[PDB]
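Below is one structure; the comments refer to it alone.
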Amino acid sequence: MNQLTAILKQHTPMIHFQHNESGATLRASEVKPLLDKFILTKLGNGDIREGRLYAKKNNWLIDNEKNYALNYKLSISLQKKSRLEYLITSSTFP
RNA sequence: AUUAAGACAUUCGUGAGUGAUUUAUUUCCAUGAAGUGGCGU
């Protein structure tokens, strides 16, 4: 397999700084670095150094020398562009 | 007066004709617009 497709459900409203665009959704520049660390941690059974050695062994690293990055491409897109906008404050008001 | 005297190795003649500094090469790789509440006990 070359492509992985997943459908995400939202439980809490994300605080997004680029809400102006109608296609504003979860940013992959945030997901990918955390997912890379999560997978390397899981590959090494809770240790990121063993997990990097595992990824280094099976040629899964973009660079074998200095980064945790894994060689995959991540894209997050909206299917239906209808969204709910929330005002989140720490003060009650009518 | 003597196998002697006279006689430009010279005339004409394009280093010229054909020819792509071109072919191959991702300005790309890594990166959280995030962190924290405080006081009125």
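Letters A, B, ... go to the chains of the structure tokens in the order shown; residues in each chain start at 1; ligands are counted from 1 in the same order.
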
Taking the backbone alone, and naming residues the way the document does, which bits of range 25-91 of chain A are alpha helix (DSSP H) by DSSP, as an NGL selection string? :A and (28-43 or 48-57)

Within 12 Å of chain A, which residues of chain B are there when counting only C-alpha atoms (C1' of nucleotides)? Please give them as a ChimeraX atom specification. /B:29-34,37

Generate the output file for the selected residues, N, CA and C atoms (P, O5', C5', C4', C3', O3' and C1' of nucleotides), as a PDB file, in the first residue's frame.
ATOM      1  P     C B  29      10.692  20.003   0.909  1.00  0.00           P
ATOM      2  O5'   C B  29      11.821  19.489   1.905  1.00  0.00           O
ATOM      3  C5'   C B  29      12.384  18.194   1.761  1.00  0.00           C
ATOM      4  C4'   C B  29      13.428  17.930   2.815  1.00  0.00           C
ATOM      5  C3'   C B  29      13.031  18.276   4.237  1.00  0.00           C
ATOM      6  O3'   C B  29      12.208  17.289   4.827  1.00  0.00           O
ATOM      7  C1'   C B  29      15.222  19.063   3.805  1.00  0.00           C
ATOM      8  P     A B  30      10.884  17.719   5.624  1.00  0.00           P
ATOM      9  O5'   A B  30      11.419  18.041   7.086  1.00  0.00           O
ATOM     10  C5'   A B  30      12.234  17.115   7.790  1.00  0.00           C
ATOM     11  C4'   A B  30      12.678  17.694   9.107  1.00  0.00           C
ATOM     12  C3'   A B  30      11.700  18.672   9.735  1.00  0.00           C
ATOM     13  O3'   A B  30      10.719  17.998  10.500  1.00  0.00           O
ATOM     14  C1'   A B  30      13.888  19.593   9.751  1.00  0.00           C
ATOM     15  P     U B  31       9.201  18.511  10.524  1.00  0.00           P
ATOM     16  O5'   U B  31       9.192  19.572  11.708  1.00  0.00           O
ATOM     17  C5'   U B  31       9.942  19.336  12.893  1.00  0.00           C
ATOM     18  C4'   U B  31      10.243  20.618  13.624  1.00  0.00           C
ATOM     19  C3'   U B  31       9.025  21.504  13.887  1.00  0.00           C
ATOM     20  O3'   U B  31       9.112  22.100  15.181  1.00  0.00           O
ATOM     21  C1'   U B  31      10.657  22.725  12.693  1.00  0.00           C
ATOM     22  P     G B  32       8.268  21.490  16.407  1.00  0.00           P
ATOM     23  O5'   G B  32       6.949  22.388  16.493  1.00  0.00           O
ATOM     24  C5'   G B  32       6.483  23.137  15.374  1.00  0.00           C
ATOM     25  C4'   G B  32       4.979  23.135  15.276  1.00  0.00           C
ATOM     26  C3'   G B  32       4.311  24.465  15.611  1.00  0.00           C
ATOM     27  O3'   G B  32       3.141  24.634  14.811  1.00  0.00           O
ATOM     28  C1'   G B  32       3.585  22.800  17.137  1.00  0.00           C
ATOM     29  P     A B  33       3.190  25.559  13.498  1.00  0.00           P
ATOM     30  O5'   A B  33       3.224  27.048  14.068  1.00  0.00           O
ATOM     31  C5'   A B  33       2.033  27.822  14.167  1.00  0.00           C
ATOM     32  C4'   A B  33       1.755  28.240  15.589  1.00  0.00           C
ATOM     33  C3'   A B  33       0.291  28.555  15.906  1.00  0.00           C
ATOM     34  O3'   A B  33       0.007  28.149  17.241  1.00  0.00           O
ATOM     35  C1'   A B  33       1.620  30.417  16.425  1.00  0.00           C
ATOM     36  P     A B  34      -0.964  26.903  17.519  1.00  0.00           P
ATOM     37  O5'   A B  34      -0.178  26.053  18.610  1.00  0.00           O
ATOM     38  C5'   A B  34      -0.167  26.461  19.967  1.00  0.00           C
ATOM     39  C4'   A B  34       1.235  26.660  20.486  1.00  0.00           C
ATOM     40  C3'   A B  34       1.331  27.104  21.935  1.00  0.00           C
ATOM     41  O3'   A B  34       1.231  26.017  22.836  1.00  0.00           O
ATOM     42  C1'   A B  34       2.737  28.459  20.601  1.00  0.00           C
ATOM     43  P     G B  37      -1.494  27.375  33.637  1.00  0.00           P
ATOM     44  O5'   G B  37      -2.833  28.233  33.590  1.00  0.00           O
ATOM     45  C5'   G B  37      -3.280  28.939  34.737  1.00  0.00           C
ATOM     46  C4'   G B  37      -2.618  30.288  34.836  1.00  0.00           C
ATOM     47  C3'   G B  37      -2.933  31.100  36.080  1.00  0.00           C
ATOM     48  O3'   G B  37      -2.152  30.702  37.193  1.00  0.00           O
ATOM     49  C1'   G B  37      -3.112  32.476  34.166  1.00  0.00           C
TER      50        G B  37
END

With only C-alpha atoms as the basis for distance, which of A:12, A:92, A:77, A:87 is at the shortest distance from residue 25 in chain A?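 Of all the options, A:77 lies closest to residue 25 in chain A.
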
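As for CA of residue 23 in chain A and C1' of residue 26 in chain B, they are spaced 26.5 Å apart.
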
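In this comparison, which uses only C-alpha atoms, the residue of A:80, A:71, A:88, A:11 approaching residue 35 in chain A most closely is A:71.
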
At what distance in Å, to one decimal, does CA of residue 82 in chain A lie from CA of residue 19 in chain A? 12.5 Å

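Closest approach to residue 26 in chain A among A:84, A:78, A:53, A:40: A:78, based on only C-alpha atoms.
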
CA of residue 74 in chain A and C1' of residue 25 in chain B, how far apart in Å? 25.8 Å
